[PDB]
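Survey of secondary and tertiary structure
The residues making up each chain are set out below.
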Amino acid sequence: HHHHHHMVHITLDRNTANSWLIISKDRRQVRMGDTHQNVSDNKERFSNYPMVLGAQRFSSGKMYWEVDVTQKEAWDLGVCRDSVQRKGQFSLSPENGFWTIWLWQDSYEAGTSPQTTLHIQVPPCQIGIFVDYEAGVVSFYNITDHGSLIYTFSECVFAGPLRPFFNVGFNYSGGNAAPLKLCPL
Ligand SMILES: OCc1cn(-c2ccc(Cl)cc2)nn1
C-alpha cells in the first residue's frame, strides 16, 4: 500500500479509558493495570471492557496510523463512532458503530456481524489502519509482512465523527500484560 503519506499523530483520551487502564505521559501507550487506577467515574468511560478512544475526531479525508501489538494474546483495534455505547455489554459490529479487527485465542477475526475469519500467515507485531471517510472504507495492513492487506470494510455507513478505537484485552492468563503503542511516523 501507499497510504503512509496520510499519517496522523494519534493520542489517547484518558477521560474515555476504562478505570483499570494506565496511559503513558505522552498519551501514546496504554496497558492493563493490576487494579482500579484511582480515577473518578464519568459517562465517557468504557465500563465493561479495557477500552479507550483516541482524542482525534475525523469527519472527512484520508487518515493512516500504526499500532504495535508485540507479544499480546488478545486485543481489538480500529475506529468507532464518537456516539458508541460506553456502559454495559455490547458486540463490536458496524450496526453498533465499530469497524474493528481482533486477536482472540490464536485466531484473527474482523468485527462484522457475525464475525469474519481472517487469513494471516505472518502474525503481525504492528497493524496499519487506513480510513477514507468520503469513500466509506476502513482497511487494515500487516506491517510485519511488507504491508499486506488484512481486511477492508467497504460501503461503511459512519453516520458521525469517527475516533480511533483500542481494546488492550483482559489479562486472565497472565500472558496479555503488554501495552498497545502508537508507532512513530
Ligand atoms: O489482569 C486481570 C484482568 C482484569 N481485567 C479486567 C476486566 C474487565 C474490566 Cl472492566 C477491567 C479489567 N481483565 N483481566
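The deposited coordinates for this entry were obtained by X-ray crystallography, with a reported resolution of 1.3600 Å.

Taken as a whole, the largest pocket holds about 400 Å³ of empty space. Around the largest pocket, the lining is made up of 21 residues, and of these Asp 76, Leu 92, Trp 102, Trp 104 and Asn 167 lie nearest the centre. Considering every element that reaches the lining of the largest pocket, the biggest residue donor is strand β6 (residues 98-104), with three residues. Looking at side-chain class alone, the lining of the largest pocket contains twelve nonpolar, seven polar and two charged residues.

Looking at the element boundaries, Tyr 108 is found in strand β7 (residues 107-110). Taking relative accessible area as the criterion, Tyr 108 reaches 15% and is therefore assigned buried. Spatially, the C-alpha atoms of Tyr 108 and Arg 86 are 24 Å apart, while their sequence positions differ by 22 residues. What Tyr 108 contacts, discounting residues up to four positions off in sequence, is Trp 75, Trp 102, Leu 103, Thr 116, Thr 117, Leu 118, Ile 120, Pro 123 and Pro 124.

Around the ligand, the structure places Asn 18, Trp 20, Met 32, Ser 47, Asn 48, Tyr 49, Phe 170, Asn 171 and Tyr 172. Here the ligand loses 79% of its free accessible area of 370 Å² to cover by the protein chains. Residue composition of the shell around the ligand, by class: five nonpolar, four polar and no charged.

Moving on: the pattern of salt bridges. Per the counting criterion, the structure on display carries two salt bridges. Of the charged contacts in the structure, one is a salt bridge between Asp 13 and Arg 163, with a shortest N-O distance of 2.9 Å. Within this pair, whereas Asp 13 is found in the segment before β1 (21-23), its partner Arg 163 is found in strand β12 (residues 162-167), the two being separated by 150 residues in sequence. Relative accessible area serves as the criterion here: at 2%, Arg 163 is assigned to the buried category. Its salt-bridge partner being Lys 87, residue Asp 41 comes within 3.7 Å of it at the nearest N-O pair. Residue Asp 41 is located in the loop between β2 (29-32) and β3 (51-53), and its partner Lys 87 is located in the loop between β5 (75-81) and β6; the two are separated by 46 residues in the primary sequence. Overall, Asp 41 belongs to the exposed group, its relative accessible area being 64%. The class of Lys 87 is partly exposed, set by a relative accessible area of 34%.

Time to look at the packing of aromatic side chains. In the structure shown here, the tally under the stated rule is twelve aromatic pairs. Considering the side-chain rings of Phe 46 and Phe 90, the 6.4 Å spacing of their centres and the 50° angle between planes classify their relative orientation as tilted. Of this pair, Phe 46 sits in the loop between β2 and β3 while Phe 90 sits in the loop between β5 and β6; the two residues are 44 residues apart in sequence, bridging distant segments of the chain. When sorted by exposure, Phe 46 lands in the same class as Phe 90, which is buried. Measuring from centroid to centroid gives 6.3 Å for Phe 140 and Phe 153, while their planes differ by 65°, and the two rings are edge-to-face. In this pair, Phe 140 sits in strand β10 (residues 137-142) while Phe 153 sits in strand β11 (residues 148-153), placing the two residues 13 residues apart along the sequence. The exposure class of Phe 140 is buried, given its relative accessible area of 0%. Ring pairs connect the aromatic residues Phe 46, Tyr 49, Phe 90, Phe 98 and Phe 165, which therefore count as one cluster.

Rules and cut-offs
- Residues numbered from 1 in each chain as written, not as in the entry; some residues may be left out.
- Heavy atoms only, no water.
- Residues with missing side-chain atoms left out of burial classes, pairs and counts.
- 1 Å grid on protein atoms, 1.4 Å probe; cavity = no way out; pocket = protein on both sides within 12 Å on 5 of 7 lines; lining within 4 Å.
- Points joined across faces, edges and corners; volume = space filled by probe spheres on them.
- Helix = DSSP H or I, 4+ residues; strand = E, 2+ residues; numbered from the N terminus.
- Nonpolar A, V, L, I, M, F, W, Y, C, P; charged D, E, K, R; others polar.
- Buried < 20%, exposed > 50% of the residue type's maximum accessible area, 1.4 Å probe, protein only.
- Contact = heavy atoms within 4.5 Å.
- Near = heavy atom within 4 Å.
- Areas by Shrake-Rupley, 256 points an atom, 1.4 Å probe, with all protein chains shown as cover.
- Salt bridge = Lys/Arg side-chain N within 4 Å of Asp/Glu carboxyl O.
- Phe/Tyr/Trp six-rings, centres within 6.5 Å; stacked < 30°, edge-to-face > 60°.

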